[PDB]
């Protein structure tokens, strides 16, 4: 409408419906392809999802220094794309072999960089795209809920495709989503207008200092969130690493236990989208902390729950819980962080607690998770994590800063208005 003649909306919206069609491939069916197509150690998928986190942490950062000190040049974001023209050659001809030709540490390391154009590129893409929403007038959130259908159709299509042939994907994702999610450039923007003639605006900014850090470090309420963050999350995070094959087991053909999976995920948007609607409202009445516990109570139940699975139906209810949670989490982390911290801090709070610490707590965790799914298989390991996760959760109905104890409108309603 207000975008019909608006072209970069189409451009970057479509660029969003392609960067996320690939996501919808590479991500949910990673476990499957690894372990099945490649047949890989129930504990060595850990040394992979492991190197995965150790780098998304060496890049999520350095990618800031680019994402902005670079501004409107697609440059960086063009490496990302070109690197994704080789999705195929890579897994098929390099990633797959390296691992499998059982040289595996020296194959993930040297193969966990096409994880760079995903872990610390997926957000990176999402930035650049809003810097355009500005200059070009889109409700960024109108073009991002564009790349949401792509990851919905992604899963569905891909899964069904995947079975039929794992190969006829890395070739689809490497073109179907590459040559376009790349060709969507020769038609773009740069113009130092629609911002300020000089530099009065153009691309929102912020700061992350040492003292800032050293200040938070002084703060306990930072620590208690660093508790919930490393405790409930990181832990849940890895729960999902492997979970996909633990899924496919409760099914007829494994080559049917996939599709279903691709389905449970496609229906996620079709769920989470709705959930997301109310959410705020709710979050803002329930009060952050509470809603962060709400998320651990589930996260938690899903782990323990899974540790007691017997059938398929159950397992297709655990994979559906992961959905209610998420909303109440990121949206919760947001509303708590904010209701509990100095806006100046906010920036740093994320990098420091949500990127440096969790990815760290995961470089380690997902190794003893795989080393654990061996000595005790899944369901056993699930009891461990399930408890450690719920434990911490009760510990937070205590630690996390309640609903504004020494300020309810100056440290709770202040940022609000």
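Positions refer to the first chain, counted from 1.
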Out of 120 to 128 and 137 to 145, which stretch has the higher average CA B-factor listed in the record? 137 to 145
Is the mean CA B factor in the deposited entry higher across 63 to 71 or across 382 to 390? 63 to 71
Per the deposited entry, the peak Cα B-factor within the set 80, 317, 298, 99 goes to 99
From the list 241, 248, 274, 338, select the residue with the highest C-alpha B factor recorded in the entry. 274
Please place residue 302 in the lowest, middle or highest third of its chain by C-alpha B factor as given in the entry. lowest
For residue 350, the third of its chain by CA B-factor is the middle
Is the Cα B-factor recorded for residue 13 in the lowest, middle or highest third of its chain? lowest
Of the three thirds of its chain by CA temperature factor, lowest, middle or highest, which one includes residue 169? middle
CA B-factor ranking of residue 334, expressed as a third of its chain: lowest
